[PDB]
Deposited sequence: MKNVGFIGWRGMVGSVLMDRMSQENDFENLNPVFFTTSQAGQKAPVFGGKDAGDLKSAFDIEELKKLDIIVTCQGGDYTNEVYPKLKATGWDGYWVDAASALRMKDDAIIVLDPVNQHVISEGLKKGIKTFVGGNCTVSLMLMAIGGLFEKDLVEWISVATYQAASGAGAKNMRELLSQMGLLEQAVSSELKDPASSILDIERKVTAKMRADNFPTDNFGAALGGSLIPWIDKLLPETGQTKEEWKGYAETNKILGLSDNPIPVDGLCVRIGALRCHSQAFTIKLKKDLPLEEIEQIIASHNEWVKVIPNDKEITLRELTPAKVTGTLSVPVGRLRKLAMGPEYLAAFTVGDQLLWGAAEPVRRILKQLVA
């Protein structure tokens, strides 16, 4: 069987990949070779040991990829490079994977001779897993996005900082909260003071996340005024769908909120045609087996459409579906999906499964 190498398997995204692969018994269909960057297992920088492999799966990061990949391709290596990092997504000899949405694009690349397959941006992947049916029927003119992004997208230290921040905000008023008759304005004054204090751990985010939000993710791109995260909305959605010759506009604001691992998104989707709400609900629901249409009811939305419910699951619920006041061609949609799964480890796990078949 196929000889597969794994790099960055001990990190957060890598650990979710290892766990999901173990759960689905994916190691039974391949010969795994584990790599490490440590000088304390084979070396991840040994080009000759990597040349022996048929497939390479890396969750190590962009800095590793930009160093090792060109050296390995310069030796004449004919194998497959599977990456979770952004580094190679926008290359001509690379395809962005998300098989329940773009199986036809992947299959055509496997025929053409493309050897580099990269997992897509979290926010973009979770969006496409939710409203993919609409894109399959070419019913989307444009999408306006407003995201509610989790700390896991920024890293492991970032999740820890959020949790530490949440603790200090409560601990600043712990006794006052246990007193049923205490002043709310006094309580708030104290947590806001702790949030603004010098000793408040803001090292990883550069601002407070717990009890707040940060309307900026990744570096500024002077060209459009977007952040790299917001830019990926237009750039990646179209490369995944293969519609780079006829680009469908996807833009908006990417905001970091106090959630652990689920990214949630508010959409304003402009449709090309006027279809009834019941027909749109079926088109969304029938695309894939993970998307779930949550009815526009209070009790069900509170139980289903939240980070609380979807964390650690493969389920991609989409709700709050209705027509907007600016015309029956404007659709409202809210989705919640796990960042580490469909937004990181799952598309990577799925393309590997296909390559070793």
Write out the missing regions of the deposited sequence in sequence order, one range per stretch.
41-54
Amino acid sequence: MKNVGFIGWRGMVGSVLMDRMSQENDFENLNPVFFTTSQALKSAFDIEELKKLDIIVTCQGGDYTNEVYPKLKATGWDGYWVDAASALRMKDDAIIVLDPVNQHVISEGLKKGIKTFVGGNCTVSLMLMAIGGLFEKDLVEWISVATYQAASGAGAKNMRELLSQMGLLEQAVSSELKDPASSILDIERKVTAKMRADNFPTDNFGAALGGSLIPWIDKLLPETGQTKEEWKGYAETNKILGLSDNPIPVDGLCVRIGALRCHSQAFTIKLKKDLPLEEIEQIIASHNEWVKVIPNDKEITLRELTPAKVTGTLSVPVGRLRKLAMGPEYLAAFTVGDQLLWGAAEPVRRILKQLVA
From here on, numbers count along this sequence of modelled residues.
Look at the other compared PDB entries that model both sides of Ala40, then say whether a third or more of them leave it out.
yes
Should the higher mean CA B-factor in the entry be assigned to 261-269 or to 105-113?
105-113
Using the B-factors recorded in the PDB entry, average over the C-alpha atoms of 215-223 and of 154-162, then report which stretch comes out higher.
215-223
From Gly167, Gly206, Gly119, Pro249, which pick has the Cα B-factor that tops the rest in the entry?
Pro249
So if I compare the CA B-factors in the entry for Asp138, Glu188, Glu229, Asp99, which one is the largest?
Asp138
Record-listed C-alpha B factor of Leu126: chain third:
lowest
Would you check the entry's CA temperature factor for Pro201 and let me know if it's in the chain's lowest, middle or highest third?
middle
Can you tell me which third, lowest, middle or highest, the CA B-factor of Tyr148 falls into for its chain?
lowest
Among the modelled residues of this chain, does the Cα B factor of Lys178 put it in the lowest, middle or highest third?
highest
Could you say whether, by C-alpha temperature factor, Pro70 belongs to the lowest, middle or highest third of its chain?
highest
